[PDB]
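Just the one chain here, the form deposited in one PDB entry, laid out as structure tokens.
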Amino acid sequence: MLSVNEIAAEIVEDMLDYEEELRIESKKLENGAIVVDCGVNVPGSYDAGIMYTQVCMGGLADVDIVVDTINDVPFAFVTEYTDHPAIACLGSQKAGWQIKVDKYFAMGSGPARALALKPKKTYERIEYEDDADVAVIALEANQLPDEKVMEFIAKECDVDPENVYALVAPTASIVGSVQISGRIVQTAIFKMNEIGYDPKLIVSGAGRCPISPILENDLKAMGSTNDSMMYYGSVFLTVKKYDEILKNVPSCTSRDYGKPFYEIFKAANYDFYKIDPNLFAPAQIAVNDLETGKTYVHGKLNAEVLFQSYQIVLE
């Protein structure tokens, strides 16, 4: 049995060893919980974004950045892979814990979800849960959580607060852009499960996605970071048994395709948890089926929409 919280805790300790280099800052609160700021009152960095992504994926994914071009324009890209896709993506990475503690609101991702069982149905579906006495959570938020928030997280995870760590970054920050593009494989796995495909059948997944420039506020950044995956995110997946249903994985099969994610976000009143989950999906996928030995390709890339989404200005 692997422990995503223990593996991720090792990465968080590495992050804390290099705080100044990574442009992050931590604080131990009055109950002993550790809050790591990766973007609210600090700049963060590409490497902090990679480490935050690795932590969200329970330490069970490789994540790196390579610079490449789209129609000759240079971007940083995330390239990543995992051989524990259900656990890394659904059991850890997905932001499946909505944190609401009086006026404090955050989207919660990462290994702590596998202790608190958030949501319970996910852990039934992937047949995984952790048992650790350390909890590691990743918060997408424009404010840092206080003692009361950390005490609530600790309680839900059945751990002491002194054994809770939270990484925190806002949507519009470099760590935000990196970690959200770092969910490229997770988008595919999540969309596959939403359409009824058993994620326990998925053997491995590898993905690439450009890293959104940082737009002027958290709301517009929600749009462009998500469009990175929807219009320009590519996944190679290996599965035990193919299902014709997987033709409906790519975003271009959605009635909302062509729309800026910012549009969809606005209609949900800027509440991420009011977005229809059936809308998150990768631009393109290739699915290697171990049963037939065939590889089925679905989807397409769309630089035109992406450059609109990224507020690119050409000469």
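Only residues modelled in both forms are compared. The term rigid core refers to the maximal set of C-alpha atoms that superpose within 1.5 Å between the two forms. Note that residue numbering begins at 1 and tracks the sequence as displayed.
Keep in mind the form deposited in another entry is missing from the figure; the text below concerns it.
Exercise. After the core is superposed, which of these residues, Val40, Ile70, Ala268, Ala286, moves its CA 2 Å or more between the shown form and the other one?
Worked result: So the only displaced C-alpha belongs to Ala268.
Exercise. Does the distance between the two CA positions of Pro277 reach 2 Å or more between the shown form and the other one, the core being superposed?
Worked result: It does, since the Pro277 C-alpha is displaced 2 Å or more between the shown form and the other one after the core fit.
Exercise. Which way does the C-alpha gap of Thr253 and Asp276 go in that other deposited form, closer or farther, given it changes by 3 angstroms or more?
Worked result: So the answer is closer.
For this session: Based on a C-alpha change of 3 angstroms or more, tell me if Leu215 and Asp271 lie closer or farther in that other deposited form than in the shown form.
Result: Here the pair is closer than in that other deposited form; there, farther apart.
Exercise. Which bits shift between the shown form and the other one if the core is lined up, counting only runs of three or more residues where every C-alpha moves 2 Å or more?
Worked result: 263 to 279 is the lone stretch that moves between the shown form and the other one.
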